[PDB]
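The chain that follows stands alone, in the form deposited in one PDB entry, written as structure tokens.
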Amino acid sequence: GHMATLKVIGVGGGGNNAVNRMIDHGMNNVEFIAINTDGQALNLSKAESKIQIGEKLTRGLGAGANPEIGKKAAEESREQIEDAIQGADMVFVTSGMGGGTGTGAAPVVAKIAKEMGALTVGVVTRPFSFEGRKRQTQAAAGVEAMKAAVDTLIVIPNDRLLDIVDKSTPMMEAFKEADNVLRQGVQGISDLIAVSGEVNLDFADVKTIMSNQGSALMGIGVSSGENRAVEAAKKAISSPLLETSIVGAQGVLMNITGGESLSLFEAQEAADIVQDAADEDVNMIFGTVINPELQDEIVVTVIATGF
């Protein structure tokens, strides 16, 4: 019996908001850590574990869009960050690139996690184009730093949110759509680790697919009725919000969950959907869970790496 310890760490303003909304959504068996320079923001965090970094540098304020201040602040609080991460088997670091704290502190937090032996996954946003060229440039440097510090990285360009709203969609509703990428990826790992499958995958398979890999896709899809396996698989790999699409994936962990009606044929259909869209020679780690409380619903979970 091995039950992996998962932690989700929000770094800076956008990252701490994401953690707050994940908490309100309710995600258990996961520990949440909030890291920030901005003490006023941190005081409103719902995370059980809060770390104010850089108080000597910023006097309790944010980094004023200076990534060097976010970096120095994280380095000066390294022991505090190590203590909060201690014991983790997997760490998700979420933050918005382009500002001062996230850009500079998130790669330091990720590096510490990886140096402590945790499987480290980053989920970061790129700023909207209307925030200007300098923000995008600073964000690009943060993304490169993240990629050098994580096992695997998921980038969400905020400009993609403009593809899924109408002219009236509330901004907070758009942000919740971006929140789902991290949240459902974490939930998929948790479900995979907690349930013994008929073809069982566990945390070691997660480690094999994600360790020292670079760009990643994490997706989930649910469908019912006719064509349910194909429709759920297409949903799992086709997010409009991703910088890294399924195309070019060389390693895929794929789990299918269904009721007693789960057919061998439709398991093949779903696997073929993922492999055709990859358009590559894919190493599938394939798994299957029979949940008898499910009736006509099928759930496909995909982790794709090796780009």
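Throughout, we count residues from 1 along the sequence that is shown. Between two forms, the rigid core is the largest collection of C-alphas that superpose within 1.5 Å.
One more form of this protein should be noted, the form deposited in another entry, which is absent from this view; the next part is about it.
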Quick one: core overlaid, is residue 185 moving 2 Å or more at the Cα between the shown form and the other one?
yes
Does residue 22 move its CA by 2 angstroms or more between the shown form and the other one when the core is aligned?
no
Exercise for review: Superpose on the rigid core, then tell me if the C-alpha of residue 42 is displaced by 2 angstroms or more between the shown form and the other one.
Suggested key: no
The CA atoms of residue 95 and residue 185 move 3 Å or more in that other deposited form, ending up closer
Shown form as baseline, in that other deposited form, CA residue 126-residue 242 shift of 3 Å or more puts them farther
